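Undergrad:
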Ligand SMILES: C=CC1=C(C)/C(=C/c2[nH]c(Cc3[nH]c(Cc4[nH]c(OC(C)(C)C)c(C)c4C=C)c(C)c3CCC(=O)O)c(CCC(=O)O)c2C)NC1=O
Ligand SMILES: [Fe+3]
Ligand code: NA
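Residue numbers (the entry's author numbering): 2 to 249.
(1) Going by the beta-carbon positions, is the gap between residue 144 and residue 27 smaller than 9 Å?
(2) Please determine, among 184, 179, 220 and 23, the residue with the shortest C-alpha to C-alpha distance to residue 206.
(3) Pull up the DSSP beta-bridge partners for residue 168, would you.
(4) For residue 198, which of 212, 99 and 115 has the nearest alpha-carbon?
(5) I want to check one thing, is the minimum distance from the CB of residue 115 to the heavy atoms of ligand 1 below 8 Å?
(6) Report yes if the C-beta distance between residue 142 and residue 133 is below 9 Å; otherwise report no.
(7) Sort 130, 100, 124 and 127 by Cα distance to residue 116 and report the nearest one.
(8) Please state the DSSP three-state secondary structure of residue 192.
(9) Examine ligand 1 and report whether any of its heavy atoms sits within less than 8 Å of the Cβ of residue 205.
(10) Pick from 6, 62 and 91: whose alpha carbon is nearest that of residue 17?
(11) How do the stretch 213 to 228 and the stretch 170 to 185 stand: do at least 3 beta-carbon pairs fall below 8 Å, yes or no?
(12) List in chain order the residues whose CB is within less than 5 Å of at least one heavy atom of ligand 3.
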C-alpha cells in the first residue's frame, strides 16, 4: 500500500552517511535498545482512523517527552542531537527511524528496509496511545490493531524487540533485562518467555499475555523454534511500524 516520496540525491547521500555514523555511535555508546525504544515510541502513537501521530519527529518535543510512557527517552534525544546536527538536510522523523533500524542491525538483527521522506510535523499526538505493560491481549489488539493498524503476527514479532535492553525502576518501574544477552538481537525473548521465569530476567504482564492467547501462542512457539522465521516477521513488522501514516 506504500508509495514512497521522491527525495533529492543529496538527501539520499545524507541517509547513507548518517546510517554509517549511527552504526559507530550506537555501537560505541551501547545505546541500541534505547534507540529502538525511541523509534518505536515515535511510531507507536499512530491512529489509523484519524491519521494522527506516528513517526513524524514529534518525540523530540519536550511536551511529548513528558508523557509518562516516554520516561528516559529524553536521554535518547539528547544523545542523538550532535549527530543529527551533522545532517541538517534529514528530517528528525527520518533520523529517528534510521536510528531504530540501525539499532536492530548493529545488535545482530535483520536488515529492516528503510525509505526516506518523512516530514517533521508540528503537533505531538495526545498522551495515552502507547500500550500499558500491565494489561493483556485485548489491550494489545486495541493499540497495535485498532489504532496502529498492525496484525496479530506484527504484535508478537514486535514484542520480540525486547530481546535487546532492559526496564529501569526509575523509568517505567519495572527492572531488568528480558534476556541474558541484552545487546544481542536474537529469538531469546521467546525462549525465555517459554521456559518460565528465571531469576534476574524480566517478564511484563504484556509479555505473558502472548503465552495464553490462542493466536499469539503459536507465533511465540514458531519464533522460539525458528529464529530465521522470527527475523523475517520482525523485519516486516518493524518496517510497517516505522512507516505508519507515511507514504500511505
Ligand atoms: C508489546 C507492547 C509493548 C509494551 C507494553 C512495552 C513496554 C516497555 N518497553 C520497555 C522497554 C523497551 N521496549 C523496547 C522495544 C519496543 N517496545 C515496543 O512497544 C511499544 C510501547 C513501542 C509499542 C515496540 C513495538 C518495541 C520494538 C519493536 C526496547 C528495545 C526496550 C529497552 C529500552 C532500554 O533498554 O532502555 C519498557 C521499560 C522502560 C524502562 O523502564 O526503561 C516498558 C514498560 N514494550 C512493548 O513492546
Ligand atoms: Fe517496549
Ligand atoms: Na538478547
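Just so you know, even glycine gets a beta-carbon here, dropped at the ideal spot from N, CA and C.
TA: Taking the coordinates as given:
(1) The residue labelled residue 144 in the question sits at position 143 within the chain shown. The residue labelled residue 27 in the question sits at position 26 within the chain shown. It is not a contact, given that the beta carbons lie outside the stated cut-off.
(2) What you label residue 206 is simply residue 205 of the chain shown in a count that begins at 1. The shortest C-alpha separation from residue 206 is found at 179.
(3) Numbered from its first residue, the chain shown carries residue 168 at position 167. For residue 168, which the question treats as bridged, DSSP gives the partners 177.
(4) For the purposes of this step, residue 198 is taken as residue 197 along the chain shown, with counting starting at 1. Of 212, 99 and 115, the residue nearest in Cα terms is 212.
(5) Counted from its first residue, the chain shown places residue 115 at position 114. Not so, every heavy atom of ligand 1 lies at least 8 Å from the Cβ.
(6) The residue given as residue 142 occupies position 141 in the chain shown. The residue given as residue 133 occupies position 132 in the chain shown. For residue 142 and residue 133, no; Cβs fall outside 9 Å.
(7) In the chain shown, residue 116 corresponds to position 115, counting from 1. Closest option to residue 116, Cα to Cα, is 100.
(8) Locating residue 192 in the chain shown gives position 191, counting from the first residue. For residue 192, the secondary structure class from DSSP, reduced to helix, strand or coil, is helix.
(9) As a first step, residue 205 is located in the chain shown; it is residue number 204 there, counting from the start. Within the chosen limit of 8 Å, ligand 1 reaches the beta carbon of residue 205 through at least one heavy atom.
(10) As a working note, residue 17 is residue 16 in the chain shown. Nearest to residue 17 by C-alpha distance, out of 6, 62 and 91, is 91.
(11) Flag = no, the stretch 213 to 228 and the stretch 170 to 185 do not touch.
(12) Working through the chain, the matches are 164, 180, 182, 185 and 189.
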